[PDB]
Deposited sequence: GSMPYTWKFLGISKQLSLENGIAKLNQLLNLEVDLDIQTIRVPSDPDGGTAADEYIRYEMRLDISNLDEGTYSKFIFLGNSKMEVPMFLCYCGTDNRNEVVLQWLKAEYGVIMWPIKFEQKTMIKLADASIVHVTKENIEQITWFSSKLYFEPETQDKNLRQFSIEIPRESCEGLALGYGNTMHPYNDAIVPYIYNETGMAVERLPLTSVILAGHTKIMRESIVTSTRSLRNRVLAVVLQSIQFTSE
């Protein structure tokens, strides 16, 4: 699974359109910038995407929220740090690494598979689900099919939190909420850890970005 994403909170909402030419002349490249207003049914976000020349930056902003924006990136390129420092210098923002608490990791898991269609209908792309724990180590795995049945047995928009985790407690006596979760793995799709997210394709779901931005809010 090729793409490891890191996350930085940003102290101010940035309009990258305004600063981009400076970044181009600094890197000697013509950076590709894409700007999209997105809606995540439940609010509305501004999403920037930035491709250099496998190095990629994604930004999610919301004017209504106290922490208005964060960015994430993937790739191991030398120039990632150039972009970060450039951001700090050009905009005087304060940027900090984001770490996901356990409850957040479960939400990110839900956000990775759940989505809503045009006619406002819940859909879920199910994958085999592995939870790792480190008290020395062990893991529990639920194949795709039982996930799917367990979920349709329930009402959803939070299948891991409303179906899978309770089914685990109710059928095995293991309380996921009481154990030291280290990662959630959705086979062929995504790996959610405390300090990063790994993906199989070169992007993160919009709902996942939304959940990140909401998790870094101060109270």
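Trainee: Quick one: where does the model skip the deposited sequence?
Mentor: Seq positions lacking coordinates: 1-2, 45-52, 64-71, 154-160, 181, 246-247.
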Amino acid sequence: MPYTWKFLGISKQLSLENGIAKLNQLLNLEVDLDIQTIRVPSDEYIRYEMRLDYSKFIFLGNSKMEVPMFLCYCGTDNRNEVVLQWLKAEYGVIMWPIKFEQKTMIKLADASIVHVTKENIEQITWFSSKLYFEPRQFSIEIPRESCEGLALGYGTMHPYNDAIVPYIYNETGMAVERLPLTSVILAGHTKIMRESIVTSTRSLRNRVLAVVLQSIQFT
From here on, numbers count along this sequence of modelled residues.
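Trainee: Hey, which bit's got the bigger mean C-alpha B factor in the entry, 18-26 or 193-201?
Mentor: According to the entry, 18-26 carries the higher average C-alpha B-factor.
Trainee: Averaging only over Cα atoms, indicate whether 178-186 or 146-154 has the higher B-factor in the PDB entry.
Mentor: Taking the mean C-alpha B-factor of 178-186 and of 146-154, the larger value falls to 146-154.
Trainee: Return the residue from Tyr54, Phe57, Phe70, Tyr160 that has the highest Cα B-factor in the entry.
Mentor: In the PDB entry, the greatest C-alpha B-factor among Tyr54, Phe57, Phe70, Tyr160 is found at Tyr54.
Trainee: Per the coordinate record, which of the options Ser129, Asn78, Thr104, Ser112 holds the highest CA temperature factor?
Mentor: Largest recorded C-alpha B-factor: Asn78.
Trainee: Is the Cα B-factor recorded for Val31 in the lowest, middle or highest third of its chain?
Mentor: Highest third - that is where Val31 ends up once the chain's C-alpha B-factors are sorted.
Trainee: Ranking every modelled residue in this chain by its Cα temperature factor as given in the entry, which third contains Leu84?
Mentor: Tercile = middle for this residue's CA B-factor.
Trainee: Should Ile164 be placed in the lowest, middle or highest third of its chain by the C-alpha B factor in the entry?
Mentor: CA B-factor rank for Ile164: middle third.
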